[PDB]
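Every residue, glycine as well, gets a Cβ built from its backbone with ideal geometry; the counts of neighbours run over all protein chains shown. Throughout, read-outs are computed from the coordinates displayed, never taken from laboratory work.
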Number of protein chains: 2
Amino acid sequence: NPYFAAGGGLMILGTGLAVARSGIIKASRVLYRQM
Amino acid sequence: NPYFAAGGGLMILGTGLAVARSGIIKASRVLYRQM
């Protein structure tokens with residue numbers, strides 16, 4: 001295993017945070033202020 | 001645990017202060033100069 005791949009875990013955590021933010025903002029845009 | 005992965009906490013701090021800044025600027029632009 002690589003010995004300095006801890007940044008890669010932070011990279012995928014950041015992508016997860018980004019897609020979660022996109023999901024929640026789309027959900028709020030489509031349900032609470034649109035439905 | 002790999003201690004270089006502890007920078008993910010600073011990632012959380014950054015994304016918390018960013019949304020806090022967004023919330024306070026929205027609140028200032030809706031309460032004082034709008035309401």
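Quick look at the numbers
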| item | result |
| --- | --- |
| Rough spin-label spacing in nm, given labels placed 7 Å along Cα→Cβ, for A:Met11 and B:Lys26 | 3.2 nm |
| Separation between Cα centres of chain B and chain A, rounded to whole Å | 15 Å |
